[PDB]
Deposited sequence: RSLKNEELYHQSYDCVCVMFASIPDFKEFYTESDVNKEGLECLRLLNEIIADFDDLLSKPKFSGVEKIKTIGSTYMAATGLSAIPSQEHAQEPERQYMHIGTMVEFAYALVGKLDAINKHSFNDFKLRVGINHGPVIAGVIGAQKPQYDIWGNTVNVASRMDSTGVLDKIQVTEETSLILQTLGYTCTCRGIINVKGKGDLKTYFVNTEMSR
């Protein structure tokens, strides 16, 4: 397994789900809930097969959190970075689409970042594909502390986005365990 120098990792989570999940005899012990989530996760994958997102890779799904990444199909140079944001919106358009038919108000929370990672597989049993790198740790932390319906980008990510036609706002400082305190930004719409 190789390592890239510029991969754009994204995390889109639904905080409002852990509560939605109920284990009552009525909902078959939380089956009906997972059924809804299954719809959601599926509705999200029906994006990966679209031409404009032909460069996005669904890495996995942790709980109700979607993990994608753009720029793994390589050996602007930072345009795949803007596509990850184009995708973030995508998920939203679809997450609120579901809300129409479920009488819900699920809000998505995103954490985008970009930098060196280490793609590859892991695990002897049934080898599974995953990318490592500090770049990933910050992306996740850029979500767990994000704000609903807001994408959280770092400084340079902020910069690159502006040089791509994006307006940003400073969230303020945030503590990223391991990297200390970091200044973050919210993408404007």
{"query": "Missing C-alpha runs, given along the deposited sequence, first residue counted as 1", "finding": "1-9, 85-94, 209-212"}
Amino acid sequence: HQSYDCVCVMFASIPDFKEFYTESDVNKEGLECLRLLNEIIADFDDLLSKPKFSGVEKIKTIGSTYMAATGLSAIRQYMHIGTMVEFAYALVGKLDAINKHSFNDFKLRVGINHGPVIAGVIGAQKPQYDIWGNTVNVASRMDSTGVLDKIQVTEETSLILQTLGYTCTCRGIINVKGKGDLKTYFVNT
From here on, numbers count along this sequence of modelled residues.
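In this text, rigid core is short for the largest set of C-alphas that superpose within 1.5 Å between two forms.
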| query | finding |
| --- | --- |
| Between stretches 120-128 and 49-57, more displaced by Cα RMS in 8 other deposited structures of this protein (rigid core superposition) | 120-128 |
| Cross-entry absence of residue 75, a third or more of other PDB entries | yes |
| 46-54 versus 123-131 - greater average Cα B-factor per the deposited record | 123-131 |
| Of 165-173 and 12-20, the stretch whose C-alpha atoms average the higher B-factor in the entry | 165-173 |
| Residue with highest C-alpha B-factor in the PDB entry, from 94, 107, 76, 101 | 76 |
| Among modelled residues of the same chain, the CA temperature factor third for residue 39 | lowest |
| For residue 147, the third of its chain into which the C-alpha B factor falls | lowest |
| Ranked against its chain, the third holding the CA B-factor of residue 31 | middle |
| CA B-factor placement of residue 140, once the chain's modelled residues are sorted into thirds | middle |
| Chain thirds of CA B-factor: placement of residue 72 | highest |
